[PDB]
file entry34.pdb (PDB, C-alpha atoms and all ligand atoms)
MODEL        1
ATOM      1  CA  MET A   1      85.353 213.518  78.780  1.00  0.00           C
ATOM      2  CA  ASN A   2      88.801 212.796  80.052  1.00  0.00           C
ATOM      3  CA  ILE A   3      91.123 209.832  80.616  1.00  0.00           C
ATOM      4  CA  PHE A   4      89.600 208.948  83.917  1.00  0.00           C
ATOM      5  CA  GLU A   5      86.074 208.916  82.656  1.00  0.00           C
ATOM      6  CA  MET A   6      87.195 207.100  79.567  1.00  0.00           C
ATOM      7  CA  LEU A   7      88.902 204.280  81.435  1.00  0.00           C
ATOM      8  CA  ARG A   8      86.058 204.137  83.897  1.00  0.00           C
ATOM      9  CA  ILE A   9      83.703 203.296  81.035  1.00  0.00           C
ATOM     10  CA  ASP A  10      86.118 200.776  79.538  1.00  0.00           C
ATOM     11  CA  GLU A  11      86.982 198.983  82.780  1.00  0.00           C
ATOM     12  CA  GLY A  12      83.936 199.344  84.982  1.00  0.00           C
ATOM     13  CA  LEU A  13      84.124 199.140  88.749  1.00  0.00           C
ATOM     14  CA  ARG A  14      83.972 196.005  90.950  1.00  0.00           C
ATOM     15  CA  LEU A  15      84.479 195.965  94.670  1.00  0.00           C
ATOM     16  CA  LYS A  16      85.264 192.348  95.091  1.00  0.00           C
ATOM     17  CA  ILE A  17      88.031 190.350  93.545  1.00  0.00           C
ATOM     18  CA  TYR A  18      87.034 189.326  89.979  1.00  0.00           C
ATOM     19  CA  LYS A  19      88.518 187.520  87.019  1.00  0.00           C
ATOM     20  CA  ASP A  20      89.331 189.848  84.178  1.00  0.00           C
ATOM     21  CA  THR A  21      88.850 189.312  80.395  1.00  0.00           C
ATOM     22  CA  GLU A  22      92.020 187.122  80.415  1.00  0.00           C
ATOM     23  CA  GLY A  23      90.824 185.289  83.524  1.00  0.00           C
ATOM     24  CA  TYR A  24      93.214 186.978  85.904  1.00  0.00           C
ATOM     25  CA  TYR A  25      92.475 188.214  89.324  1.00  0.00           C
ATOM     26  CA  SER A  26      91.727 191.868  89.485  1.00  0.00           C
ATOM     27  CA  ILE A  27      89.877 194.370  91.479  1.00  0.00           C
ATOM     28  CA  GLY A  28      88.348 197.892  91.278  1.00  0.00           C
ATOM     29  CA  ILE A  29      88.787 199.744  87.975  1.00  0.00           C
ATOM     30  CA  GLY A  30      90.831 197.309  86.021  1.00  0.00           C
ATOM     31  CA  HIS A  31      93.541 196.877  88.643  1.00  0.00           C
ATOM     32  CA  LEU A  32      95.397 193.610  87.966  1.00  0.00           C
ATOM     33  CA  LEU A  33      96.328 191.866  91.050  1.00  0.00           C
ATOM     34  CA  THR A  34      97.988 188.730  89.917  1.00  0.00           C
ATOM     35  CA  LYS A  35      98.436 186.423  86.992  1.00  0.00           C
ATOM     36  CA  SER A  36      98.747 183.417  89.266  1.00  0.00           C
ATOM     37  CA  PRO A  37      95.788 181.143  89.406  1.00  0.00           C
ATOM     38  CA  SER A  38      95.581 181.268  93.074  1.00  0.00           C
ATOM     39  CA  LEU A  39      92.917 183.343  94.922  1.00  0.00           C
ATOM     40  CA  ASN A  40      95.054 183.445  97.937  1.00  0.00           C
ATOM     41  CA  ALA A  41      97.898 184.817  95.926  1.00  0.00           C
ATOM     42  CA  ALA A  42      95.259 187.382  94.935  1.00  0.00           C
ATOM     43  CA  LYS A  43      94.128 188.198  98.395  1.00  0.00           C
ATOM     44  CA  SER A  44      97.710 188.645  99.445  1.00  0.00           C
ATOM     45  CA  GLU A  45      98.445 191.088  96.709  1.00  0.00           C
ATOM     46  CA  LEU A  46      95.234 192.802  97.492  1.00  0.00           C
ATOM     47  CA  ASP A  47      96.010 193.369 101.147  1.00  0.00           C
ATOM     48  CA  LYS A  48      99.514 194.458 100.328  1.00  0.00           C
ATOM     49  CA  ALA A  49      98.296 197.079  97.872  1.00  0.00           C
ATOM     50  CA  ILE A  50      95.555 198.504 100.202  1.00  0.00           C
ATOM     51  CA  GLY A  51      97.605 198.179 103.322  1.00  0.00           C
ATOM     52  CA  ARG A  52      94.877 196.276 105.413  1.00  0.00           C
ATOM     53  CA  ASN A  53      93.265 192.815 105.663  1.00  0.00           C
ATOM     54  CA  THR A  54      90.664 193.279 103.049  1.00  0.00           C
ATOM     55  CA  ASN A  55      89.485 189.807 102.781  1.00  0.00           C
ATOM     56  CA  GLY A  56      88.884 190.391  99.014  1.00  0.00           C
ATOM     57  CA  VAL A  57      86.639 193.428  99.357  1.00  0.00           C
ATOM     58  CA  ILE A  58      87.528 197.158  99.096  1.00  0.00           C
ATOM     59  CA  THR A  59      85.643 200.345  99.285  1.00  0.00           C
ATOM     60  CA  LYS A  60      84.836 202.771  96.450  1.00  0.00           C
ATOM     61  CA  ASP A  61      87.505 205.053  97.821  1.00  0.00           C
ATOM     62  CA  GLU A  62      90.154 202.381  97.853  1.00  0.00           C
ATOM     63  CA  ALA A  63      89.309 201.514  94.308  1.00  0.00           C
ATOM     64  CA  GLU A  64      89.599 205.090  93.225  1.00  0.00           C
ATOM     65  CA  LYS A  65      92.839 205.386  94.924  1.00  0.00           C
ATOM     66  CA  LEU A  66      94.305 202.404  93.054  1.00  0.00           C
ATOM     67  CA  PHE A  67      92.893 203.911  89.908  1.00  0.00           C
ATOM     68  CA  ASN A  68      94.629 207.270  90.454  1.00  0.00           C
ATOM     69  CA  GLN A  69      97.903 205.430  91.068  1.00  0.00           C
ATOM     70  CA  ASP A  70      97.426 203.381  87.973  1.00  0.00           C
ATOM     71  CA  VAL A  71      96.725 206.276  85.661  1.00  0.00           C
ATOM     72  CA  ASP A  72      99.707 208.149  87.049  1.00  0.00           C
ATOM     73  CA  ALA A  73     101.925 205.147  86.499  1.00  0.00           C
ATOM     74  CA  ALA A  74     100.743 204.713  82.907  1.00  0.00           C
ATOM     75  CA  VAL A  75     101.479 208.303  81.994  1.00  0.00           C
ATOM     76  CA  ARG A  76     104.887 208.164  83.616  1.00  0.00           C
ATOM     77  CA  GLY A  77     105.750 204.902  81.961  1.00  0.00           C
ATOM     78  CA  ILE A  78     104.901 206.388  78.593  1.00  0.00           C
ATOM     79  CA  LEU A  79     107.113 209.332  79.398  1.00  0.00           C
ATOM     80  CA  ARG A  80     109.874 207.085  80.426  1.00  0.00           C
ATOM     81  CA  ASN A  81     109.727 204.828  77.392  1.00  0.00           C
ATOM     82  CA  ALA A  82     111.992 205.692  74.457  1.00  0.00           C
ATOM     83  CA  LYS A  83     109.516 204.380  71.989  1.00  0.00           C
ATOM     84  CA  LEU A  84     106.394 205.766  73.465  1.00  0.00           C
ATOM     85  CA  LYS A  85     107.340 209.189  74.533  1.00  0.00           C
ATOM     86  CA  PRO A  86     107.963 210.542  71.071  1.00  0.00           C
ATOM     87  CA  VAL A  87     104.614 209.285  69.966  1.00  0.00           C
ATOM     88  CA  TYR A  88     102.873 210.852  72.920  1.00  0.00           C
ATOM     89  CA  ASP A  89     104.597 214.106  72.467  1.00  0.00           C
ATOM     90  CA  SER A  90     103.459 214.274  68.881  1.00  0.00           C
ATOM     91  CA  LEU A  91      99.747 213.766  69.578  1.00  0.00           C
ATOM     92  CA  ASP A  92      96.874 215.970  70.478  1.00  0.00           C
ATOM     93  CA  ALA A  93      95.184 215.746  73.862  1.00  0.00           C
ATOM     94  CA  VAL A  94      92.343 213.474  72.808  1.00  0.00           C
ATOM     95  CA  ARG A  95      94.680 211.061  71.080  1.00  0.00           C
ATOM     96  CA  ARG A  96      97.063 211.126  73.982  1.00  0.00           C
ATOM     97  CA  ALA A  97      94.225 209.714  76.171  1.00  0.00           C
ATOM     98  CA  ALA A  98      93.790 206.850  73.648  1.00  0.00           C
ATOM     99  CA  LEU A  99      97.445 205.944  74.000  1.00  0.00           C
ATOM    100  CA  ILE A 100      97.207 206.060  77.737  1.00  0.00           C
ATOM    101  CA  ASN A 101      94.143 203.705  77.607  1.00  0.00           C
ATOM    102  CA  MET A 102      96.175 201.186  75.662  1.00  0.00           C
ATOM    103  CA  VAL A 103      99.106 201.351  78.048  1.00  0.00           C
ATOM    104  CA  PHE A 104      96.746 200.977  81.004  1.00  0.00           C
ATOM    105  CA  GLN A 105      95.224 197.877  79.483  1.00  0.00           C
ATOM    106  CA  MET A 106      98.273 196.155  78.030  1.00  0.00           C
ATOM    107  CA  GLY A 107     101.271 197.555  79.559  1.00  0.00           C
ATOM    108  CA  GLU A 108     104.026 199.701  78.281  1.00  0.00           C
ATOM    109  CA  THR A 109     105.870 196.832  76.764  1.00  0.00           C
ATOM    110  CA  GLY A 110     102.824 195.409  75.079  1.00  0.00           C
ATOM    111  CA  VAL A 111     102.164 198.760  73.455  1.00  0.00           C
ATOM    112  CA  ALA A 112     105.789 199.614  72.486  1.00  0.00           C
ATOM    113  CA  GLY A 113     105.436 196.515  70.379  1.00  0.00           C
ATOM    114  CA  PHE A 114     102.829 198.060  67.928  1.00  0.00           C
ATOM    115  CA  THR A 115     105.802 199.458  66.021  1.00  0.00           C
ATOM    116  CA  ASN A 116     104.189 199.906  62.784  1.00  0.00           C
ATOM    117  CA  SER A 117     101.011 201.497  64.195  1.00  0.00           C
ATOM    118  CA  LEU A 118     103.131 203.749  66.358  1.00  0.00           C
ATOM    119  CA  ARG A 119     104.957 205.048  63.405  1.00  0.00           C
ATOM    120  CA  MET A 120     101.728 205.683  61.496  1.00  0.00           C
ATOM    121  CA  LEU A 121     100.409 207.574  64.458  1.00  0.00           C
ATOM    122  CA  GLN A 122     103.503 209.807  64.741  1.00  0.00           C
ATOM    123  CA  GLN A 123     103.061 210.540  61.039  1.00  0.00           C
ATOM    124  CA  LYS A 124      99.424 211.474  61.550  1.00  0.00           C
ATOM    125  CA  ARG A 125      98.217 208.880  59.087  1.00  0.00           C
ATOM    126  CA  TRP A 126      95.012 208.259  60.885  1.00  0.00           C
ATOM    127  CA  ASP A 127      93.087 205.904  58.723  1.00  0.00           C
ATOM    128  CA  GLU A 128      96.213 203.822  58.142  1.00  0.00           C
ATOM    129  CA  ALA A 129      97.026 203.480  61.771  1.00  0.00           C
ATOM    130  CA  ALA A 130      93.481 202.432  62.471  1.00  0.00           C
ATOM    131  CA  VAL A 131      93.651 199.642  59.983  1.00  0.00           C
ATOM    132  CA  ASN A 132      96.928 198.462  61.294  1.00  0.00           C
ATOM    133  CA  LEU A 133      95.831 198.590  64.934  1.00  0.00           C
ATOM    134  CA  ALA A 134      92.908 196.284  64.093  1.00  0.00           C
ATOM    135  CA  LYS A 135      95.269 193.508  63.003  1.00  0.00           C
ATOM    136  CA  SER A 136      96.103 192.458  66.485  1.00  0.00           C
ATOM    137  CA  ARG A 137      95.216 189.989  69.074  1.00  0.00           C
ATOM    138  CA  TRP A 138      94.047 193.029  71.163  1.00  0.00           C
ATOM    139  CA  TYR A 139      91.314 193.809  68.663  1.00  0.00           C
ATOM    140  CA  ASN A 140      90.292 190.201  68.255  1.00  0.00           C
ATOM    141  CA  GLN A 141      89.929 189.595  71.992  1.00  0.00           C
ATOM    142  CA  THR A 142      88.407 192.869  73.039  1.00  0.00           C
ATOM    143  CA  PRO A 143      86.813 194.165  69.938  1.00  0.00           C
ATOM    144  CA  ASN A 144      84.317 196.562  71.311  1.00  0.00           C
ATOM    145  CA  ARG A 145      86.830 198.243  73.553  1.00  0.00           C
ATOM    146  CA  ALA A 146      89.460 198.186  70.827  1.00  0.00           C
ATOM    147  CA  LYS A 147      87.011 199.849  68.380  1.00  0.00           C
ATOM    148  CA  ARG A 148      86.395 202.622  70.804  1.00  0.00           C
ATOM    149  CA  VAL A 149      90.078 203.335  71.204  1.00  0.00           C
ATOM    150  CA  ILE A 150      90.759 203.043  67.455  1.00  0.00           C
ATOM    151  CA  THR A 151      87.936 205.439  66.598  1.00  0.00           C
ATOM    152  CA  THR A 152      89.409 207.807  69.023  1.00  0.00           C
ATOM    153  CA  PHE A 153      92.760 207.693  67.241  1.00  0.00           C
ATOM    154  CA  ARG A 154      91.043 207.875  63.948  1.00  0.00           C
ATOM    155  CA  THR A 155      89.060 211.012  64.717  1.00  0.00           C
ATOM    156  CA  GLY A 156      90.664 212.935  67.500  1.00  0.00           C
ATOM    157  CA  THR A 157      87.191 213.252  69.127  1.00  0.00           C
ATOM    158  CA  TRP A 158      85.417 211.471  71.958  1.00  0.00           C
ATOM    159  CA  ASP A 159      82.469 210.407  69.860  1.00  0.00           C
ATOM    160  CA  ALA A 160      82.999 206.664  70.586  1.00  0.00           C
ATOM    161  CA  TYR A 161      82.415 207.405  74.182  1.00  0.00           C
ATOM    162  CA  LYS A 162      79.331 209.458  73.617  1.00  0.00           C
TER     163      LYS A 162
HETATM  164 CL    CL B   1     100.037 198.906  93.780  1.00  0.00          CL
HETATM  165 CL    CL B   2      85.392 194.396  74.288  1.00  0.00          CL
ENDMDL
END
call {"tool": "encode", "arguments": {"input": "entry34.pdb", "output": "structure tokens"}}
result
Amino acid sequence: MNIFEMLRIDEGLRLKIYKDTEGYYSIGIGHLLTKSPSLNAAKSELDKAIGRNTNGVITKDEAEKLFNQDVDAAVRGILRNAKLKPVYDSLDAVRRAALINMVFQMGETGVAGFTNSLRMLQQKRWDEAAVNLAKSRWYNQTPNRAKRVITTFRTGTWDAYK
């Protein structure tokens, strides 16, 4: 298992524009296009990102390409973020993938916000962090996904994805 396979299970893959869990326009493997409620605003963003008139549909390749860009961006954002980096640096490889999954889903800013959980993680207080992470809108809205990620932080194994 690795980050790519992990996110691929969490996000799925769709080749046509779709509404995500929050009702926003997305495509491929969890690639947000736009938060605007306009399908045309979506299509526009889509063509701009692929560099062709897609008309709302992309290939498997195109999707994987956006995915690769998106994972790269998450990692680099973590590395760039004063609050996140130190947490990342402190973790093991499995747990680093769980942090990346969160940043991919919610954004760097959204995650940097989990102050208390972040601190618990840096301290390696696993069971505490897990409890704290569960008290969040994130867990209430996407509970199955959140449980997978939390179990991952809890254990340092990939069992939730097995
Ligand atoms: Cl892009
Ligand atoms: Cl879920």
call {"tool": "residues_around", "arguments": {"input": "entry34.pdb", "residues": "residue 104 (chain A)", "least_positions_apart": "6", "cutoff": "10 Å", "atoms": "only C-alpha atoms", "output": "tab-separated table (two decimals) with C-alpha atoms, in the coordinates of the input"}}
result
chain	number	residue	atom	x	y	z
A	7	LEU	CA	88.90	204.28	81.44
A	30	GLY	CA	90.83	197.31	86.02
A	31	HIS	CA	93.54	196.88	88.64
A	70	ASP	CA	97.43	203.38	87.97
A	71	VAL	CA	96.72	206.28	85.66
A	72	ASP	CA	99.71	208.15	87.05
A	73	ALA	CA	101.92	205.15	86.50
A	74	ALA	CA	100.74	204.71	82.91
A	75	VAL	CA	101.48	208.30	81.99
A	77	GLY	CA	105.75	204.90	81.96
A	98	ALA	CA	93.79	206.85	73.65
A	111	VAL	CA	102.16	198.76	73.46
call {"tool": "residues_around", "arguments": {"input": "entry34.pdb", "residues": "region 122-129 of chain A", "least_positions_apart": "6", "cutoff": "12 Å", "atoms": "all atoms listed in the file", "output": "list in words"}}
result
residues 83, 84, 85, 86, 87, 88, 89, 90, 91, 92, 95, 96, 99, 114, 115, 116, 135, 149, 150, 151, 152, 153, 154, 155 and 156 of chain A
call {"tool": "write_last_selection", "arguments": {"input": "entry34.pdb", "atoms": "C-alpha atoms", "output": "mmCIF file, in the coordinates of the input"}}
result
data_model
loop_
_atom_site.group_PDB
_atom_site.id
_atom_site.type_symbol
_atom_site.label_atom_id
_atom_site.label_comp_id
_atom_site.auth_asym_id
_atom_site.auth_seq_id
_atom_site.Cartn_x
_atom_site.Cartn_y
_atom_site.Cartn_z
ATOM 1 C CA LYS A 83 109.516 204.380 71.989
ATOM 2 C CA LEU A 84 106.394 205.766 73.465
ATOM 3 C CA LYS A 85 107.340 209.189 74.533
ATOM 4 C CA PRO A 86 107.963 210.542 71.071
ATOM 5 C CA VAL A 87 104.614 209.285 69.966
ATOM 6 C CA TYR A 88 102.873 210.852 72.920
ATOM 7 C CA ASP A 89 104.597 214.106 72.467
ATOM 8 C CA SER A 90 103.459 214.274 68.881
ATOM 9 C CA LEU A 91 99.747 213.766 69.578
ATOM 10 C CA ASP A 92 96.874 215.970 70.478
ATOM 11 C CA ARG A 95 94.680 211.061 71.080
ATOM 12 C CA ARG A 96 97.063 211.126 73.982
ATOM 13 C CA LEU A 99 97.445 205.944 74.000
ATOM 14 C CA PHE A 114 102.829 198.060 67.928
ATOM 15 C CA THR A 115 105.802 199.458 66.021
ATOM 16 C CA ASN A 116 104.189 199.906 62.784
ATOM 17 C CA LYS A 135 95.269 193.508 63.003
ATOM 18 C CA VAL A 149 90.078 203.335 71.204
ATOM 19 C CA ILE A 150 90.759 203.043 67.455
ATOM 20 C CA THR A 151 87.936 205.439 66.598
ATOM 21 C CA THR A 152 89.409 207.807 69.023
ATOM 22 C CA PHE A 153 92.760 207.693 67.241
ATOM 23 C CA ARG A 154 91.043 207.875 63.948
ATOM 24 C CA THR A 155 89.060 211.012 64.717
ATOM 25 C CA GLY A 156 90.664 212.935 67.500
#
call {"tool": "residues_near_ligand", "arguments": {"input": "entry34.pdb", "ligand": "ligand CL 1 (chain B)", "cutoff": "9 Å", "atoms": "only C-alpha atoms and all ligand atoms", "output": "list in words"}}
result
residues 31, 33, 45, 46, 48, 49, 50, 66, 69 and 70 of chain A
call {"tool": "atom_distance", "arguments": {"input": "entry34.pdb", "atom1": "CA of residue 58 (chain A)", "atom2": "CA of residue 16 (chain A)"}}
result
6.7 Å
call {"tool": "residues_around", "arguments": {"input": "entry34.pdb", "residues": "residue 23 (chain A)", "least_positions_apart": "2", "cutoff": "12 Å", "atoms": "all atoms listed in the file", "output": "PyMOL selection string"}}
result
chain A and resi 17-21+25-26+32-39
call {"tool": "atom_distance", "arguments": {"input": "entry34.pdb", "atom1": "CA of residue 120 (chain A)", "atom2": "CA of residue 145 (chain A)"}}
result
20.6 Å
call {"tool": "residues_around", "arguments": {"input": "entry34.pdb", "residues": "residue 148 (chain A)", "least_positions_apart": "6", "cutoff": "10 Å", "atoms": "only C-alpha atoms", "output": "ChimeraX atom specification"}}
result
/A:6,10,98,154,158-161
call {"tool": "build_atoms", "arguments": {"input": "entry34.pdb", "residues": "region 22-40 of chain A", "atoms": "N, CA and C atoms", "output": "PDB file, keeping the file's coordinate frame"}}
result
ATOM      1  N   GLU A  22      90.984 188.142  80.614  1.00  0.00           N
ATOM      2  CA  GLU A  22      92.020 187.122  80.415  1.00  0.00           C
ATOM      3  C   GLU A  22      91.990 186.016  81.467  1.00  0.00           C
ATOM      4  N   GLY A  23      91.035 186.166  82.400  1.00  0.00           N
ATOM      5  CA  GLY A  23      90.824 185.289  83.524  1.00  0.00           C
ATOM      6  C   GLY A  23      91.795 185.583  84.677  1.00  0.00           C
ATOM      7  N   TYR A  24      92.348 186.777  84.760  1.00  0.00           N
ATOM      8  CA  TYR A  24      93.214 186.978  85.904  1.00  0.00           C
ATOM      9  C   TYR A  24      92.490 187.777  86.913  1.00  0.00           C
ATOM     10  N   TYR A  25      92.968 187.561  88.129  1.00  0.00           N
ATOM     11  CA  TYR A  25      92.475 188.214  89.324  1.00  0.00           C
ATOM     12  C   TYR A  25      92.732 189.698  89.328  1.00  0.00           C
ATOM     13  N   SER A  26      91.658 190.423  89.528  1.00  0.00           N
ATOM     14  CA  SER A  26      91.727 191.868  89.485  1.00  0.00           C
ATOM     15  C   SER A  26      90.801 192.449  90.494  1.00  0.00           C
ATOM     16  N   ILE A  27      90.839 193.747  90.626  1.00  0.00           N
ATOM     17  CA  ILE A  27      89.877 194.370  91.479  1.00  0.00           C
ATOM     18  C   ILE A  27      89.674 195.827  91.047  1.00  0.00           C
ATOM     19  N   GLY A  28      88.610 196.470  91.509  1.00  0.00           N
ATOM     20  CA  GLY A  28      88.348 197.892  91.278  1.00  0.00           C
ATOM     21  C   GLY A  28      88.141 198.284  89.818  1.00  0.00           C
ATOM     22  N   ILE A  29      88.912 199.268  89.359  1.00  0.00           N
ATOM     23  CA  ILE A  29      88.787 199.744  87.975  1.00  0.00           C
ATOM     24  C   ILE A  29      89.927 199.205  87.135  1.00  0.00           C
ATOM     25  N   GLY A  30      89.815 197.919  86.826  1.00  0.00           N
ATOM     26  CA  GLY A  30      90.831 197.309  86.021  1.00  0.00           C
ATOM     27  C   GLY A  30      92.181 197.181  86.698  1.00  0.00           C
ATOM     28  N   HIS A  31      92.234 197.008  88.022  1.00  0.00           N
ATOM     29  CA  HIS A  31      93.541 196.877  88.643  1.00  0.00           C
ATOM     30  C   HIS A  31      93.983 195.404  88.697  1.00  0.00           C
ATOM     31  N   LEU A  32      94.982 195.006  87.911  1.00  0.00           N
ATOM     32  CA  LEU A  32      95.397 193.610  87.966  1.00  0.00           C
ATOM     33  C   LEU A  32      96.075 193.269  89.268  1.00  0.00           C
ATOM     34  N   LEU A  33      95.676 192.201  89.822  1.00  0.00           N
ATOM     35  CA  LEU A  33      96.328 191.866  91.050  1.00  0.00           C
ATOM     36  C   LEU A  33      97.430 190.909  90.796  1.00  0.00           C
ATOM     37  N   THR A  34      97.072 189.815  90.138  1.00  0.00           N
ATOM     38  CA  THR A  34      97.988 188.730  89.917  1.00  0.00           C
ATOM     39  C   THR A  34      97.609 187.872  88.745  1.00  0.00           C
ATOM     40  N   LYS A  35      98.636 187.331  88.113  1.00  0.00           N
ATOM     41  CA  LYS A  35      98.436 186.423  86.992  1.00  0.00           C
ATOM     42  C   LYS A  35      98.409 184.961  87.425  1.00  0.00           C
ATOM     43  N   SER A  36      98.790 184.731  88.665  1.00  0.00           N
ATOM     44  CA  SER A  36      98.747 183.417  89.266  1.00  0.00           C
ATOM     45  C   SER A  36      97.311 183.037  89.552  1.00  0.00           C
ATOM     46  N   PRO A  37      97.091 181.767  89.372  1.00  0.00           N
ATOM     47  CA  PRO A  37      95.788 181.143  89.406  1.00  0.00           C
ATOM     48  C   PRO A  37      95.251 180.815  90.763  1.00  0.00           C
ATOM     49  N   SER A  38      95.853 181.484  91.694  1.00  0.00           N
ATOM     50  CA  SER A  38      95.581 181.268  93.074  1.00  0.00           C
ATOM     51  C   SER A  38      94.968 182.491  93.769  1.00  0.00           C
ATOM     52  N   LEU A  39      93.738 182.318  94.268  1.00  0.00           N
ATOM     53  CA  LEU A  39      92.917 183.343  94.922  1.00  0.00           C
ATOM     54  C   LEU A  39      93.557 183.882  96.192  1.00  0.00           C
ATOM     55  N   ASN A  40      94.337 183.014  96.776  1.00  0.00           N
ATOM     56  CA  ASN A  40      95.054 183.445  97.937  1.00  0.00           C
ATOM     57  C   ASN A  40      96.193 184.300  97.508  1.00  0.00           C
TER      58      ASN A  40
END
